[PDB]
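Coordinate-derived values only; no laboratory data. No Cβ is skipped: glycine too gets one built from the backbone with ideal geometry, and neighbour counts run over all protein chains shown.
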Amino acid sequence: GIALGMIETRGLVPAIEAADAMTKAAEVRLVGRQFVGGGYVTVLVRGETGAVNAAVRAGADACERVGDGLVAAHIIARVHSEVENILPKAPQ
Amino acid sequence: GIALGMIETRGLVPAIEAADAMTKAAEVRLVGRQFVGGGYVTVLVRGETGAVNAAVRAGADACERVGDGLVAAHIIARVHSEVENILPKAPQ
Amino acid sequence: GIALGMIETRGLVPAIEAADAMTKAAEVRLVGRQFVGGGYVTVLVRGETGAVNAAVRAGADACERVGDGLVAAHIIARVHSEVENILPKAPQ
Amino acid sequence: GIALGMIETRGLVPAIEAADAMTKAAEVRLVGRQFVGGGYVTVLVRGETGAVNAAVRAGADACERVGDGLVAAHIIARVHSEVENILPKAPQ
Amino acid sequence: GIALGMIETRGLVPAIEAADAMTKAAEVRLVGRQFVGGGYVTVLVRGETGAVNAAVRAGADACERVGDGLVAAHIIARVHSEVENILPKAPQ
Amino acid sequence: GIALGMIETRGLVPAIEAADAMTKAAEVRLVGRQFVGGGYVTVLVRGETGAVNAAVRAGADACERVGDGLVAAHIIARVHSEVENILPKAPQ
Amino acid sequence: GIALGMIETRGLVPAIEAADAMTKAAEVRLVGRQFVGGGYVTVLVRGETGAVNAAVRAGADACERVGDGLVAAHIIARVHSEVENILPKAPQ
Amino acid sequence: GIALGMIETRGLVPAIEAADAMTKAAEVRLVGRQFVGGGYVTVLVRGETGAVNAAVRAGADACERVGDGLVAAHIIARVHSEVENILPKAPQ
Amino acid sequence: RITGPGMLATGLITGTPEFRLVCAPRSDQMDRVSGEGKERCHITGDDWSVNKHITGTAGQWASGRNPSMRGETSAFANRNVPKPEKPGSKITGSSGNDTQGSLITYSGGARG
Amino acid sequence: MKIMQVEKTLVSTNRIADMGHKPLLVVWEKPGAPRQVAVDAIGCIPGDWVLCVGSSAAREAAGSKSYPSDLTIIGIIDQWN
């Protein structure tokens, strides 16, 4: 799938919990963890649109009560080709 | 076109939503995503004045309720050649 | 070390105290000290499940009262195989 | 040609708007755009004292109402030679 | 000596004052100065237990009312061998 | 000149103004400008004790009204040789 | 069809009604009807995540009032690969 | 590992959910699902003692409110070889 | 009473042995997941929404897996830091001495 | 209104305080035409073809009913030769 799901958190620990829950919940792959600055961490997943929806929902529910919690949960079913250049392809 | 559209958001998720909306709404090229610091994220587009106007309006509408939300949605019809030295040409 | 232990502190001194407490408590290997940004610091330990459990409890108790204090203490007994690509192997 | 003008903003978008307005107002060279940290951005211009004066006034007026706004609009007509060491010579 | 003394401050100025006080008070060596991010600055000293105790007490006393003040003043008489990987050996 | 004068400000513009005022007021060498993080910027000068006293007073007075203002004004009259490892010798 | 939909009923008649509603509502394949013992009957479907969601919703609604009623309506977007060893591929 | 974790449920759906939760929670392997009779369903996992404790806790919490719920959650840290004769080795 | 460095910083040191409409209104409806995951608009038919009596995937089945224990300095947070009185201009003659626009400072904090 | 091309910037340090911080640009209808100075309310670059309103409308275009301007740039032409 080509849909994109993202979770923004306050701190790395909720971000890692969100990534774990997202990958365990549905058929999605982790494509990047980004340190935004000022304490924000963003985790990104790709997959089928319904799988992405389930994964992001589970990640939000899992990371809400972890650390300083959840900032954003968002799904884009088909990202523009231009936006593909600001998205990490593989996690590192 | 040499017009510049800029959207500043709190966090990367609303910035990505804004970039997606801007690139879907008009013929503009995403030239940069900048981590300003303190959580500020800026997405910049270039194109014709009408296209940049439409793109910035659509992105500002789209990202206003995503995560911690929008900070600035600005348009410059003609960029001075001096400012071209501090503007990214391609994103990453 | 399959289990993952994670402690996030406000500042570096509670992170160092927590890492010392975890590594003294049980057989865990410290795999990362990440400067998240905005003052957040995360210490990550791997090990067997019971060792990581004991280490995380000890580290949370130790770094409770040091500096600006505790933010999060988290245990993941087995992260998803995707999550391993955003986890550090060794400290830098 | 040796006067220094400085505008500090909260966020990159007001800083870019201020630099654009400054270089449009008078004959000033944009010598630096600094990401201070925590969201502060500083744009620095060099030129004749009158040109720097007009440019800084126009830039402050233009960037006051953009994003999170303006922090500082400062003119140094005669820079001490020691301060030149910490001043940027070209942007990036 | 292998004991560890750490002082965390808000801003560089109290950290430098604390380092001066620590190295004046006792026979400790300054091994690091870390910019944690978010304004936090940590200075680390090594020495024998009594030297580290005296140095940390003196630094905390000296930097308490300097700038934005003191965050942490901590002593670890013997850090675990794992924690050595995340401790600077020399400053820069 | 062995004495050390430091001024910490919120934002770069007051720091540059403080450095200019300090170097104009008395015979002091500007040795560093540090981006602490979180918006803190520290400027360091070296010189004789009286020169450093005058310089720090002039810098604080000149930069208190600029931008987000002044955080700290500190003098160390006799810096320990250990502290010179973390003090910049030439500014960047 | 990665996702898994499960409906447990008391008796076979509500299970058959639930299976009919599930397969009519969305593109899901019925991969098993299991006589659990003691009167429990489980119907299991596979498909896309959104299709499975709609199917399970419809099946629960349909079989709620039939016979001795519904016991459980459960969805797993992606089971663990080991769990596939206890999941029927075809209904025998 | 050689420890044995068992979950007994009323119905098949909570048993499948428990098996999924146990496998996803910790480093354990699913070895069997047994229909007992009268509606009882038992899922068994094998692994290291700490991993088994974590997996059984997670599965018991997950299946508690699914269908007719949970009957028993038991951990045997070391299984006698005589009992291995009545234990499935591979799930079917 | 023994004097020296041991009497300093009492109550500050740690680590010592002693220490040890179809769509709901935009204003008052914040979505769980924004964008394509929005539930604001009432979609009829066979959508991917989940009923109340349906279990799994999200909810406690994602948050109960991993045990967890809970425990600003920036440009934005500094917009209301106390500042001294704004500098005034007492100069005369025509020098572009606008007093209504934004604050412009010259060397030493003078108004300009 | 008129169509004029921006030539260069104009700086007057000793200008009256009522002008505020607004920048001034030198405009002419074509190269070689008589030069005029407009208040730049848009932020244009040299070479831009702009729209300049005069008379009493220029005052409000520059910001207030009492602004000392009789020529203000109020737009940049999207495409002009």
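For region A:43-77, name all the residues that are closer than 21 Å to I:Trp61 by Cβ and small (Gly, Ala, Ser).
Answer for region A:43-77, where residues must be closer than 21 Å to I:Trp61 by Cβ and small (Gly, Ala, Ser): A:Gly47, A:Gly50, A:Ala51, A:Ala54, A:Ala55, A:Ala58, A:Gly59, A:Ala60, A:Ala62, A:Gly67, A:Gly69, A:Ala73.
With A:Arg65, A:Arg10, A:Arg78 as the choices, which residue is within 29 Å of B:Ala25 (Cα to Cα) and of a type in the set (D, E, K, R)?
A:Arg78
What number of residues within region H:49-76 satisfy the criterion of being out of contact with any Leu (no Cβ under 8 Å at 6 or more places or on another chain), surrounded by fewer than 21 Cβ atoms within 10 Å (Cβ to Cβ) and hydrophobic (A, V, I, L, M, F, W, C)?
Result for region H:49-76: 3.
Tell me, which strands (runs of 3 or more DSSP E) wholly within chain J include 2 or more residues that are within 14 Å of chain D (Cβ to nearest Cβ) and within 19 Å of B:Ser81 (Cα to Cα)?
J:2-10, J:24-28
Restricting to region A:17-51, name every residue that is of a type in the set (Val, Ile, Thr) and within 18 Å of B:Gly67 (Cα to Cα).
A:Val36, A:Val41, A:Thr42, A:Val43, A:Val45
I want to confirm something. Restricting to region I:49-80 and keeping residues that are part of a strand (DSSP E or B) and at the interface with chain C (Cβ under 8 Å from one of its Cβ atoms), which single residue is surrounded by the most Cβ atoms within 10 Å (Cβ to Cβ)?
I:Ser68
When you scan region E:8-42, how many residues do you find that are farther than 16 Å from E:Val79 by Cβ and β-branched (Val, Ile, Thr)?
Within region E:8-42, residues that are farther than 16 Å from E:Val79 by Cβ and β-branched (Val, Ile, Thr) number 6.
Taking the conditions exactly as written (in contact with a helix residue (DSSP H, G or I) (Cβ under 9 Å, 6 or more places away or on another chain), assigned to a helix (DSSP H, G or I) and within 24 Å of D:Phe35 (Cβ to Cβ)), does B:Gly59 satisfy them or not?
Yes, satisfied.
Residues in region I:89-104: is at least one within 14 Å of chain C (Cβ to nearest Cβ) and of a type in the set (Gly, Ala, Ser)?
no
Please verify whether B:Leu87 is closer than 26 Å to C:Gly38 by Cα, more than 7 Å from every other protein chain (Cβ to nearest Cβ) and surrounded by fewer than 23 Cβ atoms within 10 Å (Cβ to Cβ), treating the condition exactly as stated. Steps first, please.
Values: closer than 26 Å to C:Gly38 by Cα: yes; more than 7 Å from every other protein chain (Cβ to nearest Cβ): yes; surrounded by fewer than 23 Cβ atoms within 10 Å (Cβ to Cβ): yes.
Spelling it out, B:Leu87 is indeed closer than 26 Å to C:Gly38 by Cα, more than 7 Å from every other protein chain (Cβ to nearest Cβ) and surrounded by fewer than 23 Cβ atoms within 10 Å (Cβ to Cβ).
Scan region E:13-33 for residues that are touching a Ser or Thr at 6+ places or on another chain (Cβ under 8 Å), within 14 Å of chain C (Cβ to nearest Cβ) and either buried (at least 22 other Cβ atoms within 10 Å of the Cβ) or in a helix (DSSP H, G or I) (or both) and jot them down.
Answer for region E:13-33, where residues must be touching a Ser or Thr at 6+ places or on another chain (Cβ under 8 Å), within 14 Å of chain C (Cβ to nearest Cβ) and either buried (at least 22 other Cβ atoms within 10 Å of the Cβ) or in a helix (DSSP H, G or I) (or both): E:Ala15, E:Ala18.
Considering only region D:34-60, how many residues are closer than 25 Å to B:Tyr40 by Cβ, at the interface with another protein chain (Cβ under 7 Å from one of its Cβ atoms) and of a type in the set (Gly, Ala, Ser)?
5
Give me the residue from region A:1-12 that is within 17 Å of C:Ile7 (Cα to Cα) and not in a helix (DSSP H, G or I) and, out of that set, farthest from the other protein chains (Cβ to nearest Cβ).
A:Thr9
Checking J:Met1 against (1) touching a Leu at 6+ places or on another chain (Cβ under 6 Å); (2) surrounded by fewer than 22 Cβ atoms within 10 Å (Cβ to Cβ); (3) closer than 21 Å to D:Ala21 by Cα, which single condition isn't satisfied?
(3)
Report the residue count in region I:22-42 for those that are among the aliphatic types (A, V, I, L, M) and either surrounded by 13 or more Cβ atoms within 10 Å (Cβ to Cβ) or at positive phi (or both). Break it down into steps so the answer makes sense when it comes.
Pass one, region I:22-42, residues among the aliphatic types (A, V, I, L, M): I:22, I:24, I:30, I:33.
Narrowing further to those that are either surrounded by 13 or more Cβ atoms within 10 Å (Cβ to Cβ) or at positive phi (or both): I:24, I:33.
Residues in region I:22-42 being among the aliphatic types (A, V, I, L, M) and either surrounded by 13 or more Cβ atoms within 10 Å (Cβ to Cβ) or at positive phi (or both): 2 in total.
For region E:62-76: of the residues being more than 12 Å from the chain's Cα centre (by Cα) and at the interface with another protein chain (Cβ under 8 Å from one of its Cβ atoms), which is nearest to C:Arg65 (Cα to Cα)?
Only one residue tops the list, namely E:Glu64.
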